[PDB]
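The next block holds one structure in the form of structure tokens; read it before the comments.
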Amino acid sequence: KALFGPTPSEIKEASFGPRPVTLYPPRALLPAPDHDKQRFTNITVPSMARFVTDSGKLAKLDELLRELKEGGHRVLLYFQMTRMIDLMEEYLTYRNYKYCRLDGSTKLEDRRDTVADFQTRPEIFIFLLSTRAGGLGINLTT
Amino acid sequence: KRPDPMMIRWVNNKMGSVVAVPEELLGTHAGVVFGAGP
Amino acid sequence: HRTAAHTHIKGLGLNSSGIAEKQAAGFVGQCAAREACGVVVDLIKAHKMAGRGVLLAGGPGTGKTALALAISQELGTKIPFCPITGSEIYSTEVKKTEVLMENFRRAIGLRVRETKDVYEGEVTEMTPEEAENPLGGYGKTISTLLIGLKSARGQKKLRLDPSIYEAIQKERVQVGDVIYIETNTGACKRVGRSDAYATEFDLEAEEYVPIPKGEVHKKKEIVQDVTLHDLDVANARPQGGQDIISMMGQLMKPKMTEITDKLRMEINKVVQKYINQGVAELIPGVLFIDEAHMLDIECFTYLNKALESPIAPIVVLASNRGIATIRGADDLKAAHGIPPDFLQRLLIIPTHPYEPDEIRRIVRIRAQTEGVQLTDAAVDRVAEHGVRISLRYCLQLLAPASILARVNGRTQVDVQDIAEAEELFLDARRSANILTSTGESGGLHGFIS
Amino acid sequence: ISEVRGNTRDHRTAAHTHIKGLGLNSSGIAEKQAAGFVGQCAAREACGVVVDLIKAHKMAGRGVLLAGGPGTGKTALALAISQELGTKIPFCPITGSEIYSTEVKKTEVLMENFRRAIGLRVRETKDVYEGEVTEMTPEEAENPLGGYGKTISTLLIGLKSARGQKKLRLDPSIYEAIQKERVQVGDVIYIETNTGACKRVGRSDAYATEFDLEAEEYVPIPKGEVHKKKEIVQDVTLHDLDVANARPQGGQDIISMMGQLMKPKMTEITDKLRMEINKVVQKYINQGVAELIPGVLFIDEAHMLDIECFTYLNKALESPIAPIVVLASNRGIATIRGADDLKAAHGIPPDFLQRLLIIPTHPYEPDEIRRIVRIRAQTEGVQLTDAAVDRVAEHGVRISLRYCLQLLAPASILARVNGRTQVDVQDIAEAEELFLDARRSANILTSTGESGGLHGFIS
Amino acid sequence: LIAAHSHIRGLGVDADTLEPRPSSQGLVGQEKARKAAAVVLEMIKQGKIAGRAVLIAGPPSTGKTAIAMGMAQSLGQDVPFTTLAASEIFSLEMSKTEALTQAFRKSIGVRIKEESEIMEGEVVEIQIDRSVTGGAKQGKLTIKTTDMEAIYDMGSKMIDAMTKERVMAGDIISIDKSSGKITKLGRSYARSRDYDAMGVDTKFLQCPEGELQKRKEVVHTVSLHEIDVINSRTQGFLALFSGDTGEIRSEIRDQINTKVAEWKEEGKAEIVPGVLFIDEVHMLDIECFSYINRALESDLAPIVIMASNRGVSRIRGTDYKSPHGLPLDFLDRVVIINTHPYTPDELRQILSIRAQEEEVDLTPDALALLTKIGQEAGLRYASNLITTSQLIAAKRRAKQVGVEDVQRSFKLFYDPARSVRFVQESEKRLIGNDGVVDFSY
Ligand SMILES: Nc1ncnc2c1ncn2[C@@H]1O[C@H](COP(=O)(O)OP(=O)(O)O)[C@@H](O)[C@H]1O
Ligand SMILES: Nc1ncnc2c1ncn2[C@@H]1O[C@H](COP(=O)(O)OP(=O)(O)O)[C@@H](O)[C@H]1O
Ligand SMILES: Nc1ncnc2c1ncn2[C@@H]1O[C@H](COP(=O)(O)OP(=O)(O)O)[C@@H](O)[C@H]1O
Ligand code: ALF
């Protein structure tokens, strides 16, 4: 009770009372942690900066997309793996890059709409695009 | 929205500052400083 | 990247038959010693043995430490290699035999499967509930917390024990945070705010993070590498609970303690449960005691019992001293500086001086390791030291000579740049002559005795 | 409460109470006897240049050795240097024996005293309002906030001191301080203008009669102005900055408060802390808001320092911020306290001795000893016949100066208990017989302890 | 203040050829040693090579510390230069081995970069809500540029900072959003008159322009030792400064070595290896030397420079002598620099620099006499007489130090050799090594 301080009902009673009352302890006597982010536990959370740098391809791609974005270079990314184009949009949503996705699991009307969406509006930057399902027939000349 | 029963509010601007006291604290000991004790 | 004394050593350079190639993996010569160190690597990789002792015996600069670091590479990263000097044993916090035991158990590794059983979600409600205690004088106490956790594919309401609420409270959790809870430890981590209401206009510099995908309750499994000493320290200085002792034990100054045999024995029982449960692999490693002549007769007499333990690493000693007085036993002289009844326990790998052509080879290996491109007449110059002077003095000249050559605008070191290096940077013997000639008499300009 | 003693004040006399300065002309030449000194004209003139070295702020890390036999006035010269500097300049005396702490390494103990000898003088302005709270009154706001019903635009407080009273208009946020601090009418408080908060000293003792029992002591009304704006000059040593940073005092958490309830064990203050302290100090010196005032570390019996202390002092004296060090030694040619194979003059390593300005202190002539006896007698208040003076001076030639200075008080007792207001030969001849010197006692030892025996001395 | 080496402002070599000038940057002579130290200095700057032990050797004086102080000045502030006296190692709080480990790791910098973000604007309005009887606080800051206004929510830590800083409307403030520190830059409004005790009428500023938020790349250098201390602990990071840190466990260092390498591979950190200078290195024990010799062999070892005055001299903690008082198997790993005692013209040039640094106007004959004293009493004594003669000259109001002042100083203050004779001439009256003494006339 000394470390963690007065209980919420005690704070209510003390603040609404007719005359002042001294609480116990009267404050939380637990110190401030010296590490302002790690606090009092040894649990670590993986950073998205660590996510970029722990892939050599993605570290090099991240630099490239930065230069390409300032160039205005709307860009198509081809993947041989579906799990990677998931991870890629987790990265693309950690960054601010506006993207859209097409792969062999997207339904046929969703494919028309995404292709026509990307080909309509220049707002979209990265087309995440599967090698086989996205590689044939469509026009991506923008 | 009606203000919180126990957050006393200070605000400061070009006009100087004021303290505003919840109606729930008037008639408590915390009102005594404001002329509004029990 | 930085270049150090042993950067050229990559391994023992043995054949699959266990014979040494005369120049391989950075070594030149020591073939019989490299072959003996190979059989020691085999003794280590075959987990069957505990508490065998090896002594690398030989004069200074004969590559004894290169051999030990080569063993550390042939064992690879999985096996624990635990290097110490004999001068590290004299702690001010705990008896020197404690430090030996800590190093013995640091040299035994464990790989163990661990299931982390956790709750993760956006905190959507948090509602404490409390009791008016009888008059203990500390007042009311929170009896429980009710907390609502939302994940992407579920939600829970959790009625926490108040010791987990103290984790929640000391983690400064609020409604709308994303948190992680371990049912293992009762420990809590505030991961961030939700990405909901992630308005930029906070001074609080929050990390907004996405809602956890999947269910609120998760049961992930991960593989942990630990030593036996890591378990000893965790259980001697408890810190993983939410109890008051674990709490205060994070606020006190950390200090080493003379962990009892009683604790170590009972951790053997605990680890053997992990083995019988099939969740752990025991991976015994090696303790390298460099400068083992700096141990004293109490250290050596303790090592008797420590090596007889039914689990102990392999111990590799190195010593560079002839018949010498045993430290702490000024009455007793013995070879290697090792007590004669302890020396009986060891297998001795004698290590021999290098030939002049081996020195030439080492100089060339070392030059190209440092990136010192070096003419053949310059190699012959440096290799006339090492014969006339220590081998180490050769290798130490390569860097000054490189600087002087580059300052002279050369792409590569000539004999001239070594002949300048020889003059700016003396060996011990030329400096010892300067002392004896200048300190030939006392005075204002004399060296102090 | 306390019953003040009206009786007259007087000063105890110690071995150096007669010394008042170095006794030098404005030309720096020593006067043959002055300021309590007799002779040592060379050593007093040298110390006078050392005094002017210390008062000139070019000095850093110079060393002085006072070299000479026991009794030769090296301690007297160091105290005279200290008196010539006066209280505004630090003088930090230690013996070499004091460096052997059990609680930190001796190089820490020496560096503490090294930094104690360095002073810092900081000028700041104190600016407060101060008094007994005569009133508290809310000024209701012109434009109240909706939903609150109460809105105060100013709180007015009356403060009275002994010298006046003022109507004080305060920003309403002071309500937080008043409510936490429980300020009431008749309490003594101050308002500090760098925060606008207030602190309560206590209840004014004008109200001490409000009840037959109340559980606080009362405090007097502040006897100053109701508003203070004063420059304040703070004496600080750099060692104070060491400790204040390395063990903060005011921390309100359980570990801080448990820490302040347990012995304040010394700690091996890092060079990183000391070097950053120096940089911020040098910043504020360049702003001109502080003066550095290096003083004197004086180490007596410096031959009790060992070779590890001396080798650290090499590094320490090379610091760009450092006191002067004055050493005193009497150890001939002697073994270095921590280097049994090495003997050197003064017991100082030849490596380190080359750094010091050596000042020799010589013996005293028979006529100087007599003049010292005259100075010492009138200081202890003893008064002697001239034949008592000459008898005391004769023992001073034959035995030791110190022994004769120590006969004065015993003989003064024997004189007054014999009804005499001045001491004479009969008393000296009696004091010298009750109180032996070391030599006559050593003769008793040498005669009696020639063997073991039932009545023998033990060896 | 002026200290013993305050005139040393570099090594005094041509940066292109490493040729020592006969006098520059305050160093004089020692040309062979200064060139050697310049080659060491270059391989310090290059960083490529780890664990070189260089021993500077010579008689007392002859500039061994002055050379090492010249090296430190030429590296500048960025590269670590840990000065250590060998008598610092004998701690009571930690072993000599641990004390050496910390001294090595103090000499390797980790240079870490981050993008901070800062706010700067006029405070237009502040609102703070406070729970009666403490606990929670809440608030909003309304902050302005010429080009923006925005309202930022505030937490307890920021409100503590705001009230400690006594932030008010019309203040210009900056907020480092990453650390949370606030600084008041000034005020755009006048100081009001409605209230008393408002305090200082701080500097006027025009309102900041542009956006409120700006990113700010900043770089911090921390030792491997400073990373050790805060990673061996949950709490009590003042041990960085108080020195309360115990014997840190090697598991923590092994982890830190691994992670700092990874931070280098990530490009998060640059490792900047510097110098450990162990002065008086002969004061270490055999146990310390048999630690350094293998501590040197690690990839994170600094370059270790040493100085010794000792001849063939006893090694501490053992029964026998060696050159420099250093073990031979230690000296095996050392390249040795020898300094040489100065000539009279070298003495004259040094004393002129000491005189100029102390701003003392020597007459030419006083400099000649100080040189003659320098040859026979020593450079340190002849240096001590400069500041002493200046004071004596001031007593007689002399505008320059004359020969009379140097002679007067020579009279008042004994040199070491004259003091040794004075001791020998008074062996009866000084305390002997036998403890015997005669107090009588
Ligand atoms: N057979 C060898 N081949 C290549 N390099 C060697 C060999 N023996 C020694 N060295 C190198 O010579 C230097 C000195 O050897 P070291 O192992 O320090 O000897 P010791 O440890 O016995 O004093 C080291 O840089 C080491 O890598
Ligand atoms: N020149 C002097 N003039 C007057 N009193 C002196 C003089 N020299 C010494 N004394 C006094 O005689 C005593 C012996 O001197 P002291 O400084 O104690 O000797 P030491 O230098 O051996 O400590 C002290 O009480 C001191 O005050
Ligand atoms: N070559 C030099 N140039 C300038 N000053 C020097 C030189 N050599 C010595 N000194 C000065 O003389 C004093 C003693 O030199 P120092 O380097 O301390 O000798 P040591 O090598 O014994 O430490 C110092 O004040 C130093 O500045
Ligand atoms: F040949 Al295609 F789209 F490239 F039909």
Side-chain angles (χ1 to χ4, degrees), chain D residues 27-28 42 45-46 49 52-53 58 60-61 67 69-71 104-105 107 129 168-171 176 191 193-196 245-247 267-270 272-273 308 311-312 314-315 318-321 330-335 341 345-346 351 353-355 357-360 363 366 397-400, chain E residues 1-6 60-61 65 83 85-88 90-93 130 132 166 194-199 235 238 240-244 279-280 283 309 314 358 378 380-381 384 387-388 391-392 394-395 412-416 419-420 422-423 426-427 429-433 437 439-441:
Chain D
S27 62
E45 286 171 27
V49 176
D52 286 336
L53 173 65
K58 289 186 178 178
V104 289
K105 72 186 175 195
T107 70
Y129 297 94
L168 203 70
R169 289 178 62 74
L170 300 175
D171 177 295
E176 164 71 354
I191 323 298
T193 67
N194 68 314
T195 72
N245 282 276
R247 190 180 69 259
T267 191
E268 297 183 7
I269 311 291
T270 65
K272 185 57 172 279
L273 178 54
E308 292 169 2
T311 49
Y312 187 74
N314 288 323
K315 188 198 181 191
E318 289 159 19
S319 312
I321 282 177
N330 64 2
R331 289 308 202 258
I333 281 163
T335 306
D341 300 280
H346 318 296
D351 201 319
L353 180 60
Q354 292 174 25
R355 309 189 79 133
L357 285 169
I358 301 98
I359 303 174
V397 170
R398 285 183 168 182
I399 304 170
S400 171
Chain E
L1 315 179
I2 301 99
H5 302 88
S6 296
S61 300
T65 309
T83 67
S87 50
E88 293 181 58
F90 299 85
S91 180
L92 299 186
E93 191 55 38
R130 300 189 179 79
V132 166
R166 196 180 173 65
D194 196 8
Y195 309 106
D196 303 315
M198 294 181 296
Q235 193 72 358
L238 193 70
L240 295 169
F241 289 107
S242 69
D244 295 321
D279 199 10
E280 311 290 5
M283 290 307 301
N309 281 334
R314 191 179 176 172
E358 297 174 21
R380 277 177 174 135
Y381 179 81
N384 293 341
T387 191
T388 301
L391 297 161
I392 284 154
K395 305 309 293 185
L412 287 179
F413 298 98
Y414 282 27
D415 56 275
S419 75
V420 176
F422 169 67
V423 165
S426 61
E427 284 170 15
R429 181 54 186 266
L430 293 163
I431 315 292
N433 199 76
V437 56
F439 307 94
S440 68
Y441 185 65

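Protein chains get the first letters and strands the later ones, always in sequence-line order, with residue 1 at the start of each. These numbers come from the heavy atoms of this one structure, side chains and all, not from hydrogens, waters or symmetry mates.
Chain E forms the most heavy-atom pairs under 4.5 Å with one residue out of D/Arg247, D/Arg355, D/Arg398, D/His346, and that residue is D/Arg355. Options D/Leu357, D/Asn245, D/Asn194, D/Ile269 differ in how many heavy-atom pairs under 4.5 Å they form with chain E, and the most are formed by D/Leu357. Ranked by non-hydrogen atom pairs under 4.5 Å with chain E, the options D/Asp351, D/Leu353, D/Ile321, D/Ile359 are led by D/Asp351.
Only the side chain of E/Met283 comes within less than 4.5 Å of a heavy atom in chain D; its backbone stays farther off. When heavy atoms are compared at a cutoff of 4.5 Å, E/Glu427 does not approach chain D at all. For D/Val104, the part lying near chain E is the backbone, with the side chain staying farther off; criterion is any non-hydrogen pair under 4.5 Å. For chain D, the nearby parts of E/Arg429 are the backbone and the side chain; heavy atoms of each come within less than 4.5 Å. Both the backbone and the side chain of E/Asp194 come within less than 4.5 Å of a heavy atom in chain D.
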Note to self: As a quick check of understanding, evaluate side-chain contact (heavy atoms from CB on, under 4.5 Å) for D/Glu45 and E/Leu412, giving each step before the final call.
What the structure shows: CA-CA 8 Å; D/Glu45 286 171 27; E/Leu412 287 179; 4.1 Å; yes
- Begin from the C-alpha positions of E/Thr65 and D/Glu318 and carry the test side-chain contact (heavy atoms from CB on, under 4.5 Å) through to its verdict. CA-CA 10 Å; E/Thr65 309; D/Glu318 289 159 19; 3.7 Å; yes
If you apply the rule side-chain contact (heavy atoms from CB on, under 4.5 Å), what do you find for D/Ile333 with E/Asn433, and how did you get there? CA-CA 7 Å; D/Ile333 281 163; E/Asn433 199 76; over 6 Å; no
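At least one side-chain heavy atom of D/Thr311 sits under 4.5 Å from a side-chain heavy atom of E/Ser87. Under the 4.5 Å side-chain criterion, counting only non-hydrogen atoms from C-beta, D/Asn314 is in contact with E/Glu280. No side-chain heavy atom of E/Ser242 sits under 4.5 Å from any side-chain heavy atom of D/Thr270. Side chains of E/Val437 and D/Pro70 form a contact here, defined as non-hydrogen atoms less than 4.5 Å apart.
Salt bridge absent: D/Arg169 and E/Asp196 never bring a charged side-chain N and a carboxylate O closer than 4.0 Å. The existence of a salt bridge linking E/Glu88 and D/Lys315 is confirmed by a sub-4.0 Å separation between a basic side-chain nitrogen and an acidic carboxylate oxygen.
Applying the side chain to side chain contact (heavy atoms under 4.5 Å, CB included) test between E/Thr388 and each of D/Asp52, D/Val49, D/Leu53 identifies D/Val49 as the sole match.
For the residue pair E/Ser91 / D/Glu268, a side-chain donor-acceptor distance below 3.5 Å is found, with atom types taken as modelled.
Not a single donor-acceptor pair under 3.5 Å links the side chain of D/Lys272 to the backbone N or O of E/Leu240.
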